[PDB]
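> I am sharing protein_31.txt, which consists of compact mmCIF, N, CA and C atoms:
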```txt
# COMPACT_ATOMS: atom_id res chain seq x y z
N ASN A 1 0.80 -1.22 0.00
CA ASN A 1 0.00 0.00 0.00
C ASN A 1 0.84 1.27 0.00
N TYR A 2 2.15 1.18 0.21
CA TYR A 2 3.02 2.34 0.37
C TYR A 2 3.92 2.45 -0.85
N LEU A 3 3.84 3.58 -1.55
CA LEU A 3 4.44 3.71 -2.87
C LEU A 3 5.50 4.81 -2.90
N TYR A 4 6.37 4.73 -3.91
CA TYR A 4 7.42 5.72 -4.14
C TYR A 4 7.76 5.73 -5.62
N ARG A 5 8.51 6.75 -6.04
CA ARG A 5 8.79 6.99 -7.45
C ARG A 5 10.25 6.70 -7.77
N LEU A 6 10.50 6.20 -8.99
CA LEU A 6 11.87 6.07 -9.48
C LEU A 6 12.41 7.39 -10.01
N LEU A 7 11.82 7.87 -11.10
CA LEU A 7 12.45 8.88 -11.94
C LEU A 7 11.45 9.96 -12.31
N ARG A 8 11.97 11.16 -12.55
CA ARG A 8 11.17 12.30 -12.97
C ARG A 8 12.01 13.12 -13.95
N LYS A 9 11.32 13.91 -14.78
CA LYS A 9 11.95 14.76 -15.79
C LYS A 9 12.87 15.81 -15.19
N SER A 10 12.57 16.30 -13.98
CA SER A 10 13.35 17.36 -13.37
C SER A 10 13.41 17.16 -11.86
N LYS A 11 14.30 17.91 -11.23
CA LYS A 11 14.47 17.84 -9.78
C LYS A 11 13.29 18.51 -9.07
N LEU A 12 13.18 18.24 -7.78
CA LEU A 12 12.11 18.77 -6.94
C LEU A 12 12.61 19.96 -6.13
N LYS A 13 11.91 21.08 -6.23
CA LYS A 13 12.09 22.16 -5.28
C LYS A 13 11.50 21.75 -3.93
N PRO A 14 12.02 22.29 -2.81
CA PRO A 14 11.60 21.81 -1.49
C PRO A 14 10.14 22.08 -1.16
N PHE A 15 9.57 21.18 -0.35
CA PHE A 15 8.24 21.30 0.25
C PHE A 15 7.12 21.36 -0.80
N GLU A 16 7.01 20.29 -1.58
CA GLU A 16 5.83 20.08 -2.41
C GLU A 16 5.61 18.60 -2.67
N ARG A 17 4.54 18.32 -3.41
CA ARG A 17 4.09 16.96 -3.68
C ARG A 17 3.86 16.78 -5.17
N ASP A 18 3.91 15.54 -5.63
CA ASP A 18 3.45 15.17 -6.96
C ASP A 18 2.48 13.99 -6.90
N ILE A 19 1.25 14.23 -7.34
CA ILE A 19 0.16 13.28 -7.15
C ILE A 19 -0.16 12.52 -8.43
N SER A 20 -0.20 13.22 -9.57
CA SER A 20 -0.58 12.62 -10.84
C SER A 20 0.46 11.63 -11.32
N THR A 21 -0.01 10.53 -11.91
CA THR A 21 0.83 9.44 -12.39
C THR A 21 0.82 9.46 -13.92
N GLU A 22 1.96 9.78 -14.51
CA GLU A 22 2.12 9.82 -15.96
C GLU A 22 3.24 8.88 -16.37
N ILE A 23 3.03 8.15 -17.46
CA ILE A 23 4.01 7.19 -17.96
C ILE A 23 5.14 7.98 -18.62
N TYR A 24 6.34 7.89 -18.04
CA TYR A 24 7.48 8.60 -18.60
C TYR A 24 8.00 7.90 -19.85
N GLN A 25 8.53 8.69 -20.77
CA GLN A 25 9.15 8.19 -21.99
C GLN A 25 10.57 8.72 -22.08
N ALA A 26 11.52 7.82 -22.34
CA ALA A 26 12.93 8.17 -22.50
C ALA A 26 13.43 7.75 -23.87
N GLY A 27 12.63 8.01 -24.90
CA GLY A 27 13.00 7.63 -26.25
C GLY A 27 12.20 8.43 -27.26
N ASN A 28 12.52 8.19 -28.54
CA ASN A 28 11.85 8.91 -29.62
C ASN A 28 10.42 8.43 -29.80
N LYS A 29 10.18 7.13 -29.68
CA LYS A 29 8.84 6.58 -29.83
C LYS A 29 8.01 6.89 -28.59
N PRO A 30 6.85 7.53 -28.72
CA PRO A 30 6.07 7.88 -27.53
C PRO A 30 5.39 6.67 -26.92
N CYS A 31 5.10 6.78 -25.62
CA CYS A 31 4.43 5.69 -24.90
C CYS A 31 2.98 5.56 -25.33
N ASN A 32 2.30 6.70 -25.54
CA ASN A 32 0.87 6.79 -25.89
C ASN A 32 -0.01 6.08 -24.87
N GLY A 33 0.34 6.21 -23.59
CA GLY A 33 -0.43 5.61 -22.52
C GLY A 33 -0.25 4.12 -22.35
N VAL A 34 0.72 3.51 -23.03
CA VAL A 34 0.97 2.08 -22.96
C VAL A 34 2.35 1.87 -22.35
N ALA A 35 2.41 1.02 -21.32
CA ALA A 35 3.68 0.71 -20.65
C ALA A 35 4.37 -0.46 -21.37
N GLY A 36 4.83 -0.16 -22.58
CA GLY A 36 5.51 -1.15 -23.40
C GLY A 36 7.01 -0.98 -23.37
N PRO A 37 7.64 -1.00 -24.55
CA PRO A 37 9.09 -0.79 -24.61
C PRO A 37 9.46 0.65 -24.32
N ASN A 38 10.51 0.82 -23.50
CA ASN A 38 11.02 2.11 -23.04
C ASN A 38 9.96 2.94 -22.32
N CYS A 39 9.04 2.26 -21.62
CA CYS A 39 7.99 2.91 -20.85
C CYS A 39 7.88 2.22 -19.51
N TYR A 40 7.91 3.00 -18.43
CA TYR A 40 7.90 2.46 -17.08
C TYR A 40 6.88 3.21 -16.23
N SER A 41 6.15 2.46 -15.40
CA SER A 41 5.28 3.08 -14.42
C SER A 41 6.13 3.71 -13.32
N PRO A 42 5.72 4.87 -12.79
CA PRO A 42 6.57 5.56 -11.81
C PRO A 42 6.49 4.95 -10.42
N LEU A 43 5.33 4.44 -10.04
CA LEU A 43 5.04 4.08 -8.65
C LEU A 43 4.93 2.57 -8.50
N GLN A 44 5.58 2.02 -7.47
CA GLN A 44 5.36 0.64 -7.08
C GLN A 44 5.43 0.58 -5.56
N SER A 45 5.02 -0.55 -5.01
CA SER A 45 4.94 -0.72 -3.57
C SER A 45 6.31 -0.98 -2.95
N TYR A 46 6.38 -0.76 -1.63
CA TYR A 46 7.56 -1.12 -0.86
C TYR A 46 7.72 -2.63 -0.75
N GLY A 47 6.65 -3.33 -0.38
CA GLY A 47 6.73 -4.77 -0.17
C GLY A 47 7.48 -5.15 1.09
N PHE A 48 6.89 -4.87 2.25
CA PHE A 48 7.56 -5.11 3.53
C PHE A 48 7.36 -6.55 3.99
N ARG A 49 8.45 -7.20 4.38
CA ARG A 49 8.44 -8.55 4.92
C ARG A 49 9.12 -8.58 6.29
N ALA B 1 -14.19 17.64 -2.34
CA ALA B 1 -14.46 17.76 -3.77
C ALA B 1 -13.17 17.68 -4.57
N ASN B 2 -12.80 16.45 -4.94
CA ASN B 2 -11.63 16.12 -5.77
C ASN B 2 -10.33 16.63 -5.13
N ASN B 3 -10.02 15.99 -3.99
CA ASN B 3 -8.78 16.18 -3.23
C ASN B 3 -8.63 17.63 -2.75
N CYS B 4 -9.56 18.02 -1.88
CA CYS B 4 -9.53 19.32 -1.23
C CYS B 4 -8.33 19.40 -0.30
N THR B 5 -7.33 20.18 -0.70
CA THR B 5 -6.10 20.31 0.07
C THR B 5 -6.12 21.47 1.06
N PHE B 6 -6.58 22.65 0.65
CA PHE B 6 -6.43 23.82 1.49
C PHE B 6 -7.62 24.74 1.24
N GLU B 7 -8.04 25.45 2.29
CA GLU B 7 -9.10 26.46 2.22
C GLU B 7 -8.61 27.73 2.88
N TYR B 8 -9.21 28.86 2.51
CA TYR B 8 -8.80 30.15 3.08
C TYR B 8 -9.93 31.15 2.96
N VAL B 9 -10.45 31.62 4.10
CA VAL B 9 -11.47 32.65 4.14
C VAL B 9 -10.95 33.79 5.02
N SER B 10 -10.94 35.00 4.48
CA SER B 10 -10.30 36.12 5.17
C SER B 10 -11.03 37.41 4.81
N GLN B 11 -10.36 38.54 5.04
CA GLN B 11 -10.89 39.86 4.72
C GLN B 11 -11.02 40.01 3.20
N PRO B 12 -11.93 40.86 2.72
CA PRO B 12 -12.03 41.13 1.27
C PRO B 12 -10.73 41.64 0.67
N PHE B 13 -10.43 41.15 -0.53
CA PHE B 13 -9.11 41.27 -1.15
C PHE B 13 -9.06 42.42 -2.14
N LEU B 14 -10.07 42.52 -3.01
CA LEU B 14 -10.22 43.62 -3.95
C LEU B 14 -11.12 44.67 -3.32
N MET B 15 -10.60 45.87 -3.11
CA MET B 15 -11.41 46.94 -2.54
C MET B 15 -11.57 48.10 -3.52
N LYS B 16 -8.33 56.88 -11.34
CA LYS B 16 -7.73 57.24 -10.06
C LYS B 16 -7.88 56.11 -9.06
N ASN B 17 -7.85 54.87 -9.55
CA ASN B 17 -7.99 53.68 -8.73
C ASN B 17 -6.95 52.64 -9.13
N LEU B 18 -5.69 53.07 -9.25
CA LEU B 18 -4.62 52.17 -9.64
C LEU B 18 -4.28 51.21 -8.50
N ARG B 19 -4.20 49.93 -8.82
CA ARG B 19 -3.87 48.91 -7.84
C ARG B 19 -2.70 48.07 -8.35
N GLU B 20 -1.90 47.56 -7.42
CA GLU B 20 -0.67 46.86 -7.74
C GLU B 20 -0.59 45.56 -6.95
N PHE B 21 -0.12 44.50 -7.60
CA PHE B 21 0.04 43.20 -6.96
C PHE B 21 1.36 42.57 -7.37
N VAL B 22 1.94 41.81 -6.44
CA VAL B 22 3.14 41.01 -6.70
C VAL B 22 2.89 39.62 -6.14
N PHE B 23 3.00 38.60 -6.98
CA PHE B 23 2.90 37.21 -6.56
C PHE B 23 4.23 36.53 -6.82
N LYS B 24 4.78 35.87 -5.80
CA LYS B 24 6.03 35.14 -5.94
C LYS B 24 5.91 33.78 -5.27
N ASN B 25 6.59 32.79 -5.84
CA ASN B 25 6.57 31.41 -5.36
C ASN B 25 7.99 31.04 -4.95
N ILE B 26 8.24 31.05 -3.64
CA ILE B 26 9.56 30.78 -3.07
C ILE B 26 9.42 29.63 -2.09
N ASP B 27 10.30 28.61 -2.26
CA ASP B 27 10.55 27.40 -1.47
C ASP B 27 9.32 26.81 -0.76
N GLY B 28 8.23 26.65 -1.50
CA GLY B 28 7.03 26.09 -0.94
C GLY B 28 6.08 27.09 -0.32
N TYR B 29 6.22 28.37 -0.64
CA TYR B 29 5.36 29.41 -0.08
C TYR B 29 4.84 30.31 -1.19
N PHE B 30 3.63 30.81 -1.00
CA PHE B 30 3.00 31.76 -1.91
C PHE B 30 2.76 33.06 -1.16
N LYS B 31 3.34 34.15 -1.65
CA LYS B 31 3.26 35.45 -0.99
C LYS B 31 2.62 36.47 -1.93
```
Using structure tokens, write down the structure that the file contains.


Amino acid sequence: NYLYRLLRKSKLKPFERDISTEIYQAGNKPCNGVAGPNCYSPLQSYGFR
Amino acid sequence: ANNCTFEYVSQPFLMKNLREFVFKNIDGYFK
């Protein structure tokens, strides 16, 4: 239930939040809302054991 | 109503009637 982000386009200025989840693209071919090749979801769980 | 984060109710804001405003966004604050 507890999530965190890998990567973002730019650094964070202090004391704010980012709520919206957008599929990042690091290539010429756009993601177009599909998490396929060169497309990664930003948020995943901690997975505590 | 769709992630209500903050509310603010105060004195009236808008009251030969030139008015001036400055808005700046510094380190997590709005002045």

> Give me, please, the distance in Å between atom C of residue 29 in chain B and atom C of residue 22 in chain A, quoted to one decimal.

26.3 Å

> Rounded to one decimal, what separation in Å do you get between atom C of residue 11 in chain A and atom C of residue 26 in chain B?

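Pair atom C of residue 11 in chain A / atom C of residue 26 in chain B returns 13.7 Å.
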
> Select residues of chain A: the criterion is any atom within 10 Å of an atom of chain B, counting only C-alpha atoms; output as a list in words.

residues 13, 14, 15, 16 and 17 of chain A

> Please indicate the distance in Å from atom C of residue 44 in chain A to atom N of residue 1 in chain A, rounded to one decimal place.

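Atom N of residue 1 in chain A lies at a distance of 7.5 Å from atom C of residue 44 in chain A.
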
> Could you give me the residues within chain B that DSSP places in strand (DSSP E), as a PyMOL selection string?

chain B and resi 25-26+29-30

> I'd like the neighbourhood of range 23-37 of chain A as a list in words, where a residue qualifies if any of its atoms comes within 8 Å (using only N, CA and C atoms), though same-chain residues fewer than 2 positions away should be ignored.

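Final neighbour list, sorted by chain and number: residues 7, 8, 9, 20, 21, 39, 40, 41 and 42 of chain A.
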
> Report as AutoDock Vina command-line options the centre and the edge lengths, in Å to one decimal, of the axis-aligned box holding every listed atom of range 13-21 of chain B, padded by 5 Å on each side.


```
--center_x -5.1 --center_y 49.2 --center_z -5.9 --size_x 22.9 --size_y 26.1 --size_z 20.8
```

> Please complete range 16-31 of chain B so it has N, CA, C and O atoms, and hand it over as a PDB file, keeping the file's coordinate frame.


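Result file is out-v8.pdb:
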```pdb
ATOM      1  N   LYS B  16      -8.330  56.880 -11.340  1.00  0.00           N
ATOM      2  CA  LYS B  16      -7.730  57.240 -10.060  1.00  0.00           C
ATOM      3  C   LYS B  16      -7.880  56.110  -9.060  1.00  0.00           C
ATOM      4  O   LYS B  16      -8.027  56.344  -7.856  1.00  0.00           O
ATOM      5  N   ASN B  17      -7.850  54.870  -9.550  1.00  0.00           N
ATOM      6  CA  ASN B  17      -7.990  53.680  -8.730  1.00  0.00           C
ATOM      7  C   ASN B  17      -6.950  52.640  -9.130  1.00  0.00           C
ATOM      8  O   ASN B  17      -7.257  51.466  -9.336  1.00  0.00           O
ATOM      9  N   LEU B  18      -5.690  53.070  -9.250  1.00  0.00           N
ATOM     10  CA  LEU B  18      -4.620  52.170  -9.640  1.00  0.00           C
ATOM     11  C   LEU B  18      -4.280  51.210  -8.500  1.00  0.00           C
ATOM     12  O   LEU B  18      -4.102  51.633  -7.355  1.00  0.00           O
ATOM     13  N   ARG B  19      -4.200  49.930  -8.820  1.00  0.00           N
ATOM     14  CA  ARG B  19      -3.870  48.910  -7.840  1.00  0.00           C
ATOM     15  C   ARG B  19      -2.700  48.070  -8.350  1.00  0.00           C
ATOM     16  O   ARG B  19      -2.495  47.934  -9.558  1.00  0.00           O
ATOM     17  N   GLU B  20      -1.900  47.560  -7.420  1.00  0.00           N
ATOM     18  CA  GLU B  20      -0.670  46.860  -7.740  1.00  0.00           C
ATOM     19  C   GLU B  20      -0.590  45.560  -6.950  1.00  0.00           C
ATOM     20  O   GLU B  20      -0.954  45.522  -5.770  1.00  0.00           O
ATOM     21  N   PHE B  21      -0.120  44.500  -7.600  1.00  0.00           N
ATOM     22  CA  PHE B  21       0.040  43.200  -6.960  1.00  0.00           C
ATOM     23  C   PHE B  21       1.360  42.570  -7.370  1.00  0.00           C
ATOM     24  O   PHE B  21       1.833  42.770  -8.485  1.00  0.00           O
ATOM     25  N   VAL B  22       1.940  41.810  -6.440  1.00  0.00           N
ATOM     26  CA  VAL B  22       3.140  41.010  -6.700  1.00  0.00           C
ATOM     27  C   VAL B  22       2.890  39.620  -6.140  1.00  0.00           C
ATOM     28  O   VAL B  22       2.601  39.481  -4.942  1.00  0.00           O
ATOM     29  N   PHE B  23       3.000  38.600  -6.980  1.00  0.00           N
ATOM     30  CA  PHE B  23       2.900  37.210  -6.560  1.00  0.00           C
ATOM     31  C   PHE B  23       4.230  36.530  -6.820  1.00  0.00           C
ATOM     32  O   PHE B  23       4.752  36.590  -7.941  1.00  0.00           O
ATOM     33  N   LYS B  24       4.780  35.870  -5.800  1.00  0.00           N
ATOM     34  CA  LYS B  24       6.030  35.140  -5.940  1.00  0.00           C
ATOM     35  C   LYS B  24       5.910  33.780  -5.270  1.00  0.00           C
ATOM     36  O   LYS B  24       5.214  33.626  -4.262  1.00  0.00           O
ATOM     37  N   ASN B  25       6.590  32.790  -5.840  1.00  0.00           N
ATOM     38  CA  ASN B  25       6.570  31.410  -5.360  1.00  0.00           C
ATOM     39  C   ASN B  25       7.990  31.040  -4.950  1.00  0.00           C
ATOM     40  O   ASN B  25       8.841  30.755  -5.794  1.00  0.00           O
ATOM     41  N   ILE B  26       8.240  31.050  -3.640  1.00  0.00           N
ATOM     42  CA  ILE B  26       9.560  30.780  -3.070  1.00  0.00           C
ATOM     43  C   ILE B  26       9.420  29.630  -2.090  1.00  0.00           C
ATOM     44  O   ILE B  26       8.515  29.633  -1.254  1.00  0.00           O
ATOM     45  N   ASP B  27      10.300  28.610  -2.260  1.00  0.00           N
ATOM     46  CA  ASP B  27      10.550  27.400  -1.470  1.00  0.00           C
ATOM     47  C   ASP B  27       9.320  26.810  -0.760  1.00  0.00           C
ATOM     48  O   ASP B  27       9.367  26.492   0.431  1.00  0.00           O
ATOM     49  N   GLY B  28       8.230  26.650  -1.500  1.00  0.00           N
ATOM     50  CA  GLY B  28       7.030  26.090  -0.940  1.00  0.00           C
ATOM     51  C   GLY B  28       6.080  27.090  -0.320  1.00  0.00           C
ATOM     52  O   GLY B  28       5.213  26.697   0.466  1.00  0.00           O
ATOM     53  N   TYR B  29       6.220  28.370  -0.640  1.00  0.00           N
ATOM     54  CA  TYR B  29       5.360  29.410  -0.080  1.00  0.00           C
ATOM     55  C   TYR B  29       4.840  30.310  -1.190  1.00  0.00           C
ATOM     56  O   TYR B  29       5.522  30.541  -2.194  1.00  0.00           O
ATOM     57  N   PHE B  30       3.630  30.810  -1.000  1.00  0.00           N
ATOM     58  CA  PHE B  30       3.000  31.760  -1.910  1.00  0.00           C
ATOM     59  C   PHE B  30       2.760  33.060  -1.160  1.00  0.00           C
ATOM     60  O   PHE B  30       2.046  33.065  -0.146  1.00  0.00           O
ATOM     61  N   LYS B  31       3.340  34.150  -1.650  1.00  0.00           N
ATOM     62  CA  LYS B  31       3.260  35.450  -0.990  1.00  0.00           C
ATOM     63  C   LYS B  31       2.620  36.470  -1.930  1.00  0.00           C
ATOM     64  O   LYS B  31       2.885  36.467  -3.132  1.00  0.00           O
TER      65      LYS B  31
END
```
